[PDB]
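Next come the chains, spelled out residue by residue.
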Amino acid sequence: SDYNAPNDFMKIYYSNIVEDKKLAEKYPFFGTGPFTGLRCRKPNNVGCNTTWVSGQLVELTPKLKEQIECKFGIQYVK
Amino acid sequence: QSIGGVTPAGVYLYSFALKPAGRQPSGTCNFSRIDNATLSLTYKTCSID
Amino acid sequence: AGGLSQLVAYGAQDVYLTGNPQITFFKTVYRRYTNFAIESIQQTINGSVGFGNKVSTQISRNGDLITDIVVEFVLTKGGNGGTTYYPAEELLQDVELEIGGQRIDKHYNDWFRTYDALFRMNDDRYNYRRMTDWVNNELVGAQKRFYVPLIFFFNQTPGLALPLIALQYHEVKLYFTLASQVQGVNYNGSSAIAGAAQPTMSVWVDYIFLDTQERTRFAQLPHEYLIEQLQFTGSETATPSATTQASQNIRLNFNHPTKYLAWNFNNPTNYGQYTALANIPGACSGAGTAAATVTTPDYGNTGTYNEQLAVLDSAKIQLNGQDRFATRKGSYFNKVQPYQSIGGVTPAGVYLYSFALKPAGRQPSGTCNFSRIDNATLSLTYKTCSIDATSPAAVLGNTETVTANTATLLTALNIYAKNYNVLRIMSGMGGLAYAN
Amino acid sequence: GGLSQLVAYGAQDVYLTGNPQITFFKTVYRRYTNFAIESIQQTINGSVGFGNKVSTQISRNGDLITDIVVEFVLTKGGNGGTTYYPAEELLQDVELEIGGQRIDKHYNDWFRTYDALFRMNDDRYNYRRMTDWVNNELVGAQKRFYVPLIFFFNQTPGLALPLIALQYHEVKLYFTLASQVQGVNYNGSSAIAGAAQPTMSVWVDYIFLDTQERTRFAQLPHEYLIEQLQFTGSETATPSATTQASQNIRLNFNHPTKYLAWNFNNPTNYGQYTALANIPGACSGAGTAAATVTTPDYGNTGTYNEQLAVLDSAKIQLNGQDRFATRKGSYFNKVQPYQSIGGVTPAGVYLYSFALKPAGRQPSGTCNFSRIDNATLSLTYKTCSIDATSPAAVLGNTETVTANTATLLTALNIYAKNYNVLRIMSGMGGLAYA
Amino acid sequence: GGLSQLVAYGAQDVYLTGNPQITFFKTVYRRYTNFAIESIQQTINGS
Amino acid sequence: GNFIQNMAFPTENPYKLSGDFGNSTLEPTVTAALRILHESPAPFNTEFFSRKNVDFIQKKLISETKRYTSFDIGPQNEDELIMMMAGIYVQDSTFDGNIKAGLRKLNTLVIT
Amino acid sequence: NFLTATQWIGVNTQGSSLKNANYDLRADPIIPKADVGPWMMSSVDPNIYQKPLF
Amino acid sequence: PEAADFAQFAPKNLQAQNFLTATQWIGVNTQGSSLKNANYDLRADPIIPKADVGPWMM
Amino acid sequence: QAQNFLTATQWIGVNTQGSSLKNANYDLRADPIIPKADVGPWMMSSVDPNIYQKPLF
């Protein structure tokens, strides 16, 4: 291919393979109660009640949360 | 124990559920989380004329 | 008087042994250990088991750590007593150990034979033979289950137990290749044995179940294990002439800190044959009588301690153009090296040279780092193959520099190197550190 | 030369020699206490003879004791080939007591089983020399045999018994002598007329301590981690030409067990753990016209030929669940010893370890049977269909079968080896766990 | 399986496995001084 | 005047695993107790077998012995103390959720 | 009345594929999915939904 | 009452001795049950709140 | 008085090749010096940079 081009050495890898870093930093721990798989803050179920969308863990924010509640009524009790 | 009917010889059942004949889940074995699921059988000796 | 008369006999020379005593012998203190349990669990072997087939298994995660591995085989004799020689060892042609797709190690049937020849001993060696052969004069059709222990670093000690638990994301596999033919089982020399049974195989792994704090430590902490690997290549032997002494310079394509080199000369026709055939009771089929032949071994008695039937006259290891040590006779590698470094009896045709103080142990004790030697070579001088193998007077009454005319059948050379590497495990994954 | 190896140093060497901690080229010996060992004869109370029970009290002649050897003088009641470890057979059992409490108890069969599993190579041969006639001796030949005891204190100085710390308690051994010893006073079931009675003597090797070591032993409390043998005998399920017998034996054992050990035997013939057969060494007269498969070649009673053994397979079940997958008898006979001991176990003798190193002193994993209440040893026997008098059948047979004469192995001896603690204080002692 | 042995732990095992000091499943080899060994022929004086 | 004769007696036994409990990071002594009890970690158990409670008991045994007898004694070996605590704990461990009251009783029994 | 939507599992998700699973009846501590080194990395999903009963 | 305080006893430093013998509490149950400690369930077996109440609950 | 100072391995020679000849460049042009950076923690190799003492150009 092109010679005079950027070197895509693991750009795709840091962009969407490794960890969705912003979530990983905001929520450094994992739920241990039946929230397991969920990244979260503080202990076992303290800074938890974060979420999982179609494919990977994503922060539960009052955008996504509300859209989900409107279609799929979920209590989301921290 | 689980159905209350009578099963003919040669047909076997093992339930992972309290009430397998109903519709309401009453206990299940999730084989999507069991890498090895094995049925072990021992047969009778075919010696009778 | 009595025992007390010894205690009172105390002077200056004793100060060095018992003055201001530090220890005693009459009180043992033991170390407290962790809570664990061990279990033998059968693995599932994929592929079709039979002679010449390659089969494999993924070690199940049925414990936290793994150590001993024993491969069971069931074979039936294709002939009478004396036709087999460690047939279950011959059968398991090779075993490959892979973690996370990276080869950690790989052993060959010949290594198992070489390893045994050098490192097992006494009743351990005998009991070993009992698990791989028929040693009670069994007859044709006799059926036995053989147990071939593996000899990977984790199969030697709990200290190097493979932390299967610390490998939550990387599989550990065992690949097994079964020999196309096994002597005295499905073939007799080159002749197939009609009606011979195919082997039944089962792989057993001993899994260690750790209690909670210890289990957690293995599961969460990174680990670095200093472990051994086997390097191996086959070479053509500069087969000695019956008229002179052949010589050879063999490049040693080895790397890493090496504990020792080991090698043998052999006749690939007959598994375990490291020596020449001869018409003396311990060296050929029918040896000692009219029916004797020096083209076929008495298989059950394939090995021998008589170096007159071996082919190495002398050898040296050269590193980067410089001799490592003065050239020594083949008998020096066969008898003295293992005397000094192992303490057992090495059969004729099998040689050892240690770069280590205690190569039979596990604690590193001096190694030759072949990764820092630009060009290592093994230099051999062979014995003259002038002795008429069919004549005991010639076979037994000969000189240091000669061997049997049948010694020219020992055309293959197997050179092994056992070295150290490091198995590094972290974040659920692990591969041996050094690439080369 | 060697210097070319030293200079071959790089990154891969750091793990082995960087920032070195030790060397191999300088030994530091430790200064130790001043002590001496003296061999002192004890007196046996009562009278020595076949079938008698005698005992001895160990005198307070030294401070600590270790090795004990029981001497026996026997004369052959027949020719070479008629005896098998006769001094071992003679000492039917040995009890060990401290403070009048049972610490342990060994049986002639245990000594045979122990040997079968834990002794090896030359030490084992030498042991045989101390209990039998191994140079083709003839009738009337006289030998002094030395039967070492194998109680924990008889194996290592580290577990010597501090007689000095036992001011108010005695230490005693009790020896039961067999009513019959093969090739000495009986030949199979037949008494040997004119057979001599044994001469017996118990020797104890005492440790004499110097002033400071002696004083500490006398005033400080002492705790030893020791071994005990648990034992119970039972009938075997009897296999036959028509069936593979099976059996479930309750493992009536307790405490933290290093291992189980067991054997099947013909109680008629001491040390016979296998079937008789007309193959060399496997029966009296084996290999010739006079061969019989009702009597062993006593001098060659033992064998490694598993074809004459009766265990097809076994497993240990704890509280209803399998402890490990069922394995063949040859696993217990050949592999367990390979994996954990390094010796060679004769056919008919089996081992299962719960320990990494069952042959050593240092604890390396135990199964606590006082915390397991439904423990069972489950056995499957081989089919007894092989005509023992026909080598073609004896030697050319399959994994699941054995000799028709294997049905004579009607007794099973199950042993267990466990840890316990010997505690000594204020001149008294006993064991911590019942 | 083997889990039935781990649970078989009582008061009579406290001295053996409670508050463990060492394990048998991870060894640490000592780092040792670097050295090499060579077998060298000597000259014999006398016949 | 008896000082020397008393001083002469060693205070350090060359005991198997001397300094037996605590002095190790491989696993807690509390865990060992829980394992022989076959009980879950819980406030009642983690207070009763805690290092501070074991210490409390050891100090009381030493102090009370000195109060009751003329003798000065050492701390007792802790395999012996743990086994005894757990034994007593198994045969009682009776409380309604009041851990403190429960502990008071259990310590009383162990010390006694 | 929608079975496929909760706060713990997630919305529109299924169970991950099974490969080299823990055959033990123990917890088997789920180490965080860490990518260490640019080579021979593995792509297995940890058993985050394996309940730690023991 | 037995052993009249012996102040003239010299070895009063009995620190080198372990007097506790935990041989009677090896293998006990809750009160007096007999099930060989019953370590059957491979779990933690939580603490049961056994309150010392009378023959009835309330 | 003074005694002879036993020298180190400097009398037995100086290993110049080392492990640079295991994967030496066969081209006359000098290969670019690729530094020993981080290439993971468990699959490293140990040879040499193999820099030409004289670039020949």
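Residues numbered from 1 in each chain as written, not as in the entry; some residues may be left out. Chains lettered and ligands numbered in written order. Part of a larger assembly, values for the part shown. Heavy atoms only, no water. Residues with missing side-chain atoms left out of burial classes, pairs and counts.

**Student:** Which parts of the structure should I look at to understand the environment of C:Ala407?
**Tutor:** Residues and elements named next belong to chain C. Relative to the helices and strands, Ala407 resides in the loop between strand 21 (402–404) and strand 22 (412–426). According to the relative accessible area criterion, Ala407 is buried, its value standing at 0%. In this structure the C-alpha to C-alpha distance between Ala407 and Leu174, which are 233 residues apart in sequence, comes to 36 Å. Not counting residues up to four positions away in its chain, the partners in contact with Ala407 are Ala276, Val311 and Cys385. (Helix = DSSP H or I, 4+ residues; strand = E, 2+ residues; numbered from the N terminus. Buried < 20%, exposed > 50% of the residue type's maximum accessible area, 1.4 Å probe, protein only. Contact = heavy atoms within 4.5 Å.)

**Student:** What's the story with the interface of chain D and chain C in this structure? I'm lost.
**Tutor:** Often, the extent of an interface is quoted as the loss of accessible area upon association of its parts. Contacts between the two partners involve 80 residues from chain D and, on the opposite side, 77 residues from chain C. Interface of chain D and chain C: buried area, both sides summed, is about 6900 Å²; carbon and sulfur atoms make up 55% of it. Summed over the three residues of chain D that lose the most area to chain C, namely D:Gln12, D:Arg31 and D:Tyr338, the buried surface amounts to 12% of that side. Along the contact surface separating chain D from chain C lie three salt bridges. Note that D:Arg327 and C:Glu72 form a salt bridge whose closest N and O atoms lie 2.9 Å from each other. Put simply, chain D and chain C have 45 residue pairs in polar contact between them. Here the side of chain D that touches chain C gets seven residues from one element, more than from any other, and that element is helix 7 (residues 329–340) of chain D. Across the side of chain D that touches chain C, the residue classes tally to 38 nonpolar, 27 polar and 15 charged. (Buried area = accessible area lost by both parts, 1.4 Å probe. Salt bridge = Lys/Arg side-chain N within 4 Å of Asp/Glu carboxyl O. Polar contact = N/O pair within 3.5 Å; in protein donor to acceptor, adjacent residues only side chain to side chain. Nonpolar A, V, L, I, M, F, W, Y, C, P; charged D, E, K, R; others polar.)

**Student:** How do you make sense of the pairing of strand 14 (residues 312–319) of chain C when you look at a structure like this?
**Tutor:** In regular strands, side chains alternate between the two faces of the sheet. Residues and elements named next belong to chain C. For strand 14, the tally of buried residues reaches eight of eight residues, placing the bulk of the element in the interior. Here seven bridges tie strand 14 to strand 19 (residues 376–382), and the two strands are oriented antiparallel to one another. Looking across to strand 19, one finds that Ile317 is bridged to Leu378. Relative to strand 16 (residues 328–329), strand 14 runs antiparallel, the two being bridged by two bridges. Counterpart to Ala315 in the pairing with strand 16 is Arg328. Strand direction decides the pairing type here: strand 14 and strand 15 (residues 322–323), joined by two bridges, are antiparallel. In the sheet register, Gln318 faces strand 15, and the bridge partner there is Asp323. Between strand 14 and strand 15, which pair antiparallel one after the other, the connecting turn spans two residues, and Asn320 there sits at a positive phi close to 55°. (Pairing = 2+ DSSP bridges.)

**Student:** So what exactly am I meant to see when it comes to the sheet that holds strand 3 (residues 65–76) of chain C here?
**Tutor:** The strands that make up a sheet pair up through hydrogen bonds in the backbone, lying either parallel or antiparallel. Residues and elements named next belong to chain C. Across the sheet, four strands lie side by side as 1-10-3-6; this open sheet has antiparallel pairing. Of all the strands in the sheet, the pair left with one neighbour each is strand 1 (36–43) and strand 6 (143–149). Within this sheet the neighbouring strands show an average axis-to-axis angle of 25°, counted without direction. The sheet contact formed by strand 1 and strand 10 (residues 200–210) spans eight bridges and is antiparallel. Considered in strand 10, the bridge of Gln42 is made with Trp204. (Axes fitted to C-alpha atoms, helices over the stretch in contact; angles between N-to-C directions.)

**Student:** Got a minute to help me understand the sheet that holds strand 1 (residues 35–42) of chain D in this structure?
**Tutor:** All names here are of chain D. One open sheet accounts for four strands, arranged 1-11-4-7; its pairing is antiparallel. The outermost strands of the open sheet, each flanked by one partner alone, are strand 1 and strand 7 (142–148). If you compare each strand with its neighbour and ignore which way they point, the axes differ by 25° on average. Relative to strand 11 (residues 199–209), strand 1 is paired through eight bridges, and the arrangement is antiparallel. Residue pairing in the sheet places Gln42 in a bridge with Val202 of strand 11.

**Student:** Could you clarify how one ought to interpret the side chain of D:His222 in this entry?
**Tutor:** Residue and element names in this part refer to chain D. As for its position among the elements, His222 is in strand 12 (residues 222–235). Exposure remark for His222: the relative accessible area of 6% places this residue in the buried category. A distance of 3.1 Å separates the side chain of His222 from the backbone oxygen of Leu220, its partner in a polar contact. Ignoring any residue separated from it by four or fewer positions in sequence, one finds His222 in contact with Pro162, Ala165, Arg216, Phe217, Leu422, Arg423 and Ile424.

**Student:** Help me out: how do you make sense of the arrangement of the chains in this one?
**Tutor:** With 17 pairs of chains in contact overall, the contact-richest pair is chains C and D. Taking C-alpha atoms only, the smallest gap left between chain B and chain H, which are not in contact, amounts to 19 Å. Spatially, chain E is disjoint from chain I: no contact exists, and the shortest C-alpha separation is 12 Å.

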